[PDB]
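The structure appears right after this line, and notes come after that.
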Number of protein chains: 2
Amino acid sequence: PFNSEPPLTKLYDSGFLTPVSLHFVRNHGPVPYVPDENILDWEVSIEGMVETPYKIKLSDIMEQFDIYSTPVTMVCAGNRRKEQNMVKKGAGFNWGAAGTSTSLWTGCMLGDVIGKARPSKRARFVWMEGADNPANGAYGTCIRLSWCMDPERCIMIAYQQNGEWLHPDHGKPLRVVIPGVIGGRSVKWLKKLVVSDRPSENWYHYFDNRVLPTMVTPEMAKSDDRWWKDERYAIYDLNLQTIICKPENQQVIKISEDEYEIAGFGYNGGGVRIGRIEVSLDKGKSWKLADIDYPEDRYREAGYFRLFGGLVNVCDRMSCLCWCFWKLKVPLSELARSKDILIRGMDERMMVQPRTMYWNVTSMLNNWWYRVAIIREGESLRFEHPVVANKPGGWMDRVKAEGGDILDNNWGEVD
Amino acid sequence: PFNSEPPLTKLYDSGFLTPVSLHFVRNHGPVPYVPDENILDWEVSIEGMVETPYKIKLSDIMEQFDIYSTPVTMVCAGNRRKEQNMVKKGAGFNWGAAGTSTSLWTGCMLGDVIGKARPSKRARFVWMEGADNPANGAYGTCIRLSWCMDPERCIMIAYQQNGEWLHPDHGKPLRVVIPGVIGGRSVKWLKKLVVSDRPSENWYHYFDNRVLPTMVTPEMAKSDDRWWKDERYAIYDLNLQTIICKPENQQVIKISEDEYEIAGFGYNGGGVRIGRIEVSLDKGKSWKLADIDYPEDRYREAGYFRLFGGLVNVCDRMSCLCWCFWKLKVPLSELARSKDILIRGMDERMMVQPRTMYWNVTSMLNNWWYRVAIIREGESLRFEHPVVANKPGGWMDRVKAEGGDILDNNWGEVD
Ligand code: MTV
Ligand code: MTV
Ligand code: NA
Ligand code: NA
């Protein structure tokens with residue numbers, strides 16, 4: 001496999017729409033390389049439990065279906081994996097907190113494409129299969145049929161990203177983009193859509209992209225395949241995340257009468273808005289309400305307009321399919337009396353991020369509170385994120401050097 | 001207002017469908033009393049942003065619309081309020097854990113009723129108003145239009161409960177039943193449906209049924225009305241709850257070689273399945289996987305059939321609109337080495353119940369882990385639930401008698 005993660009500061013600083021060059025990459029195997037001259041002839045087959053199976057070329061999609069341009073936040077299931085790895089080593093690429101990127105995606109509605117084949121009333125799922133050939137054969141997975149037909153979910157088949165034709169690494173020439181759901185279901189190099197009454201039976205649907213129960217050890221999961229065949233553990237909708245980006249790791253700030261603007265981003269699954277983002281400087285004893293900016297709502301408020309030949313119709317939805325940004329000003333004098341900054345979000349289902357880590361075999365969907373340690377050094381404060389992408393230098397490295405237990409009630413820090 | 005809560009043991013023991021006589025009751029004011037002879041003439045007006053406003057009598061609903069019979073779990077937003085009251089006294093009826101009841105509801109689809117009036121493309125909400133007249137005028141609130149049109153959500157206008165004509169306390173002759181959403185939105189004695197592009201402006205929509213941010217004090221909420229006018233804090237979909245019912249409060253069990261079957265129920269909002277229910281006997285250090293029974297899935301598997309003149313079509317949905325039951329056998333010898341039983345659920349969005357209480361002004365949607373204390377007395381164990389409905393006798397009463405801080409890292413219990 002191949003994985004690349006943008007620097008957290010660069011991701012935040014780029015703002016609501018991440019440049020294509022910075023978008024994170026996750027490939028299970030070799031990328032199928034498709035030359036520009038072959039793009040328009042790329043063919044997808046629609047089959048299974050449908051009245052009228054058909055095949056369609058990209059050029060035909062572009063001419064025959066309504067075209068949309070939609071901002072969507074993509075998130076890898078493995079985001080924040082390194083934090084879990086610090087607690088107990090496991091398999092998988094050690095993502096920091098920047099395994100997410102947000103783009104305008106241009107293409108057709110998957111529901112329109114499937115609708116044309118007329119799915120059976122007994123159908124429940126749409127299987128998706130890619131043209132790639134990683135170690136265990138073609139990558140494939142699935143999504144609920146009803147979600148494809150739901151305008152609030154805006155599931156797309158995209159052929160442009162921020163108005164550019166897709167790069168090989170991002171699925172050239174065609175991929176599914178599934179908002180509010182882990183990147184694992186957004187199948188790249190799309191070849192086949194199969195309408196079914198049951199989930200995918202693809203190897204990658206079983207043995208990846210699952211949050212196994214916490215008490216299942218890696219040895220149990222290796223020795224008993226049944227752990228990977230219970231749909232209750234398959235990841236679809238994202239869980240709620242909030243990340244601190246300012247102050248930056250190892251940032252040093254002089255203590256003064258000035259306020260400092262703590263800041264970051266949040267995202268969530270299933271189109272459910274994050275209703276509140278709260279910060280604590282006293283280890284969760286009291287919480288302060290951050291100001292949230294939802295840039296997607298600006299697109300919602302603009303009504304209908306076109307970008308890259310596609311209709312922007314955020315205005316037709318109430319869902320939140322993109323990340324939001326948050327800010328909170330605090331006096332430096334208060335930070336100087338604090339040992340850490342914690343952030344947590346609660347959504348419009350009144351579900352909140354947990355205090356407690358949920359360690360699991362694939363170390364996926366790690367959404368316990370993100371913590372930035374505060375170290376006072378003379379008349380200045382220095383700040384430490386939990387982990388750094390690809391290097392030491394976070395508070396978890398320090399706590400391990402101190403002999404501490406990161407899972408204890410004080411994050412392994414002394415008293 | 002008037003509130004009544006069934007005994008927790010009786011609620012559990014009754015099983016998947018709660019008898020009408022045991023169903024919890026929540027009225028904000030006097031109940032409008034409607035004689036049997038007046039039922040069929042009861043009229044509802046459909047108005048607002050629609051092409052064709054109309055009025056319809058109950059008898060006409062019964063003859064003109066498709067009739068369904070659907071199991072739905074109802075839950076009061078105030079369930080588990082007494083637990084919060086033990087921490088810091090607040091306003092509101094002190095619910096234990098049994099402010100929930102599950103019934104077969106018979107009636108028409110709200111989406112069919114609204115669909116007939118042809119809502120404007122700009123419409124976003126359906127306001128609902130009741131015939132009652134509590135202190136601040138007619139009770140009214142709202143629900144998203146798109147949710148009314150979604151078959152997975154099965155929002156109904158019901159006139160029978162477990163096959164009986166509705167009782168006055170339960171909305172006779174007609175109410176809305178909104179699955180997966182707090183009982184507050186399931187408007188009783190329904191008189192008016194108004195299609196709008198914005199939320200309800202009813203007094204009860206603002207000043208009740210909200211989870212205000214935790215740092216907002218009762219004094220802040222009393223003095224600044226704006227806290228109650230931000231939709232991000234209005235409750236719709238339920239959050240995830242799991243409750244221990246066995247062992248019962250003050251139950252005493254002889255320590256032996258025998259296993260004991262710990263047991264209870266769970267429920268969740270938005271039709272999202274609870275994928276796992278986990279129990280800890282070691283204060284969250286390790287977790288054990290419970291067995292979950294989902295009786296709704298039996299109705300799903302039965303295909304189409306009729307109950308009380310209504311189509312049962314659970315088979316058409318994938319959503320979970322009802323509670324589930326859970327069981328876990330443990331050796332009594334292991335319980336004897338333990339100081340408590342904790343239970344928590346995680347749903348199919350990989351969102352888990354929190355360790356930390358989220359105290360709030362209305363003390364609503366309290367879903368931190370439910371804890372049963374274990375007290376060893378000679379060769380026996382005695383068990384204590386957090387609180388008892390209407391009386392002392394739980395571990396929270398005991399912890400307060402001990403001078404402890406329930407919000408501390410050990411639930412206020414010694415070391
Ligand atoms: N055909 C195909 N092969 C893949 O390996 C494959 N991996 C995916 C995963 S697994 Mo994760 O939930 O472990 S994030 C993620 C992404 C990321 O897309 P990007 O590289 O365009 O960011 O595409 C998904 N789609 C795929 N499609
Ligand atoms: N018209 C009307 N008046 C009410 O006071 C009223 N209260 C409700 C609340 S507020 Mo809560 O989220 O504070 S639970 C709940 C229920 C309960 O219905 P039941 O009495 O049939 O159990 O109906 C809701 N519907 C109502 N409808
Ligand atoms: Na909220
Ligand atoms: Na789950």
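Order of appearance sets the numbers: ligands from 1, and atoms from 1 within every ligand. In what follows, chains are A, B, ... by sequence order, proteins preceding strands, each numbered from 1. The analysis underlying the following values was restricted to heavy atoms, covering all of them including side chains, and did not include hydrogens, waters or symmetry mates.
Residue B/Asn209 has at least one heavy-atom neighbour below 4.0 Å for each of these atoms of ligand 2: 12 (O), 13 (O). Distances below 4.0 Å separate heavy atoms of B/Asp132 from the following atoms of ligand 2: 1 (N), 2 (C), 3 (N), 4 (C), 5 (O). Against a heavy-atom cut-off of under 4.0 Å, B/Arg175 is close to the following atoms of ligand 2: 18 (O), 19 (P), 21 (O), 23 (O). Within ligand 2, counting atoms from 1 as listed, the ones closer than 4.0 Å to a heavy atom of B/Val187 are 25 (N), 27 (N). Listed by atom number, the atoms of ligand 2 under 4.0 Å from B/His23 heavy atoms are 22 (O). Atoms of ligand 2 lying under 4.0 Å from at least one heavy atom of B/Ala77, given by number and element, are 11 (Mo), 12 (O).
Within the set B/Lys191, B/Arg185, B/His170, the minimum heavy-atom distance to atom 19 (P) of ligand 2 is found for B/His170.
At least one N/O/S atom of B/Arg232, from backbone or side chain, sits under 3.0 Å from the Na ion (ligand 3).
Residues B/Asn366 and B/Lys82 have side chains that never bring a donor and an acceptor to within less than 3.5 angstrom of each other. B/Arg355 and A/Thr356 share no side-chain donor-acceptor pair at under 3.5 Å. Inspection of the B/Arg81 and B/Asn94 side chains reveals no N or O donor paired with an N or O acceptor under 3.5 Å. Inspection of the B/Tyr139 and B/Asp208 side chains reveals no N or O donor paired with an N or O acceptor under 3.5 Å.
Here A/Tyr370 pairs with A/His385 under the ring pair (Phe, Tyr, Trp, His ring centres under 6.0 Å) rule; sequence neighbours left out. Taking the ring pair (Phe, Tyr, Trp, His ring centres under 6.0 Å) definition, one finds that B/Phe325 meets it with B/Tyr12, B/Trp323, sequence neighbours left out.
Contacts of B/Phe24 with ligand 2, taken as heavy-atom pairs under 4.0 Å, involve both backbone and side chain. In B/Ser101, neither the side chain nor the backbone holds a heavy atom less than 4.0 Å from any atom of ligand 2. Residue-level proximity to ligand 2 for B/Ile235 is absent, since no heavy atom of it falls below 4.0 angstrom.
A heavy-atom distance below 4.5 Å is found between the side chains of A/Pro213 and A/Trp227. Side-chain contact between A/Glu231 and A/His205 is present, with heavy atoms from C-beta onward closer than 4.5 Å.
Remark: minimum distance from atom 24 (C) of ligand 2 to any protein heavy atom is reached at B/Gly183 O, 3.2 Å.
Within B/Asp347, O is the N, O or S atom that lies nearest to the Na ion (ligand 4).
Between B/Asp132 and B/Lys191 no salt bridge is recorded (no basic side-chain N to carboxylate O distance below 4.0 Å).
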